Each structure stands twice: as C-alpha cells, then as structure tokens.
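> everything below, folded, please.
(3 chains)
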Amino acid sequence: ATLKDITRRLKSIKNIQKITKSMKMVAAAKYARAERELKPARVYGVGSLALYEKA
Amino acid sequence: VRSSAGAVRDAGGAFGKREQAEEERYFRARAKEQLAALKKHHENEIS
Amino acid sequence: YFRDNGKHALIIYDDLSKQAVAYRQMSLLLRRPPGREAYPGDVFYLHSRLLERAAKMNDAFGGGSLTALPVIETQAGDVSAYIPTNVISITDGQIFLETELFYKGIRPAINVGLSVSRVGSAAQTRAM
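Numbers count the residues shown, from 1 in each chain, chains lettered A, B, ... in the order given. See the structure here:
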C-alpha cells in the first residue's frame, strides 16, 4: 500500500499489542487468585463426591 | 514511529469494522431497553 | 452541438486516466518541465476545462443538456492518487466500484456507502 496506509495499519497493530499485553497481565493475576481459591474447593468437592465412588 | 489513541478505528481494517459493530449492537440493545422503560414511565405517569 | 441545439446528449470518457498519460507524453516531448509524478503542471486544467462543458442549458438557450460520465482507474484502490483526486474534486458525484465487492458477489460493485451524488433529491422520479 501507500505510506499512509502502512502508517495507520502499524499504529493499529501497536495499539492491539499493548492491549493484549495488558489483558495477559490481568488474566495472570486473576489466575493466581483462582488457583489460590481452587485448592480448598478442590478438597471440598472431592469430599462431596466421595460417597458415590465409595458406594 | 509511534502509536496514538483511537488508531484501531482510524485504520479501518477488519478490527475497525469489528469494533464498530461490537459497539453498535450493544447500544442498539440498550436503546431498545431504555425506550421500553420510557414507554412504561409514560404510561404510568399519565394519571 | 447537441446540447446547444436543444437536444440532450450523454458523453462517456473512458478513461481519463489515459488522456492524462497521453498529455504527459506530449508535454515531456515538447520539453516542458515535468511536475508531480511527471505529469505537467496543467494536468488539473486539462480535465477541469473538459468536464466543465457538461452543462444543463436553461430554456432560453434551448434547454439542451450534456451529461458526462468520466471513467477513472485507480491503482489497488488508491483513490488518494493524483489524477483520481483531481477528477474527484472536479466532478459532481462518484460511483466507487470495489474489487472486494466484485468478488464477494455484489455486481455491480457500486460501493453505496461512499458513492455520492450532489443532486440527490432532484433528478429522481417521484416513485423512486
């Protein structure tokens, strides 16, 4: 394309990359919290399933 | 060469149209809801 | 001649982007200095003086008319080029044909989003 087409496309992709990096960071934080909260719920749910696999 | 705010919709590529539609559908839905509420308020305030 | 004798005419230049090239060749072989993209300086004039003859005479001058439909050819949709922009700023309306619409099945490819016509309301039958 022409120079302006390339410039606009490059700016758009740079914005997209910035946004995806930020979202990766947010998702990583939420993941850490989710694992932390998943351990106790893991034991709780496994216990609740205990009966059916035992009987 | 840098990047600036509101550039995704300045390029007008696929992401620009995708974003425009993602906005328009949502705000059409909310406009419909608000119009329904406005009609309800109109009827309830006649008396 | 037709528009001056009370009749109506339609003229279709096809293309004007090749008249521009022929004029550039002439001007370069007469040794006149080139301009932008090597086109002479008088490349807007070339077309403006030509498309300004498509008039709509009043009833005192016969009432005849001469419509014009110049055809331009862009390069990969670069409407921003030199001759395309000149002729776009010369003409009244536009009819943008796009290859992405041609292959998507929309034929004629007229891009109704960008196509314009200053007359618009006027020059349209009441039913239409």
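> I'd like the next helix or strand past the helix ranked longest in chain C.
For chain C, the helix with the greatest residue count under DSSP state H is helix C:17-29. Sequence-wise, the next helix or strand downstream of helix C:17-29 (DSSP states H and E) is helix C:43-51.
> extract the C-alpha set from the helix or strand following that following helix and format it as CSV.
Per DSSP H and E, the first helix or strand lying C-terminal to helix C:43-51 is strand C:65-68. What follows is strand C:65-68, C-alpha atoms only, in CSV (Å, rounded to 0.1, in the frame of the first residue of the first chain):
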residue,chain,number,x,y,z
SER,C,65,-28.1,19.3,-21.7
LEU,C,66,-24.9,17.2,-21.9
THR,C,67,-24.3,14.7,-19.2
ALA,C,68,-20.7,13.3,-18.6
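> what about the following helix or strand past strand C:65-68, near chain A?
Under the assignment DSSP H and E, the closest C-terminal helix or strand after strand C:65-68 is helix C:82-90. No: residues of helix C:82-90 contacting chain A under CB under 8 Å from any CB of the partner chain: none, with a closest distance of 11.9 Å. C-beta here means a position set from N, CA and C on the backbone, and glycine is covered the same way.
> next, the angle from helix C:82-90 to helix C:17-29.
Angle, helix C:82-90 to helix C:17-29, by axes from the mean of the first three to the mean of the last three CA atoms, to 10 degrees: 120 degrees.
> between helix C:82-90 and helix C:43-51, how big is the angle?
Going by the same axes, to 10 degrees, helix C:82-90 makes 40 degrees with helix C:43-51.
> now helix C:82-90, how far from the centre of its chain.
Averaging C-alpha positions (CA atoms, centre = their mean, to the nearest Å) puts helix C:82-90 8 Å from its chain's average.
> next SSE downstream of it?
For helix C:82-90, the succeeding helix or strand toward the C-terminus, using DSSP H and E, is helix C:99-103.
> skip the chain neighbours and tell me the closest residue to residue C:41.
Spatial nearest neighbour of residue C:41, chain neighbours left out: residue C:35 (4.8 Å); criterion: CB to CB, 6 or more residues apart in numbering or on different chains.
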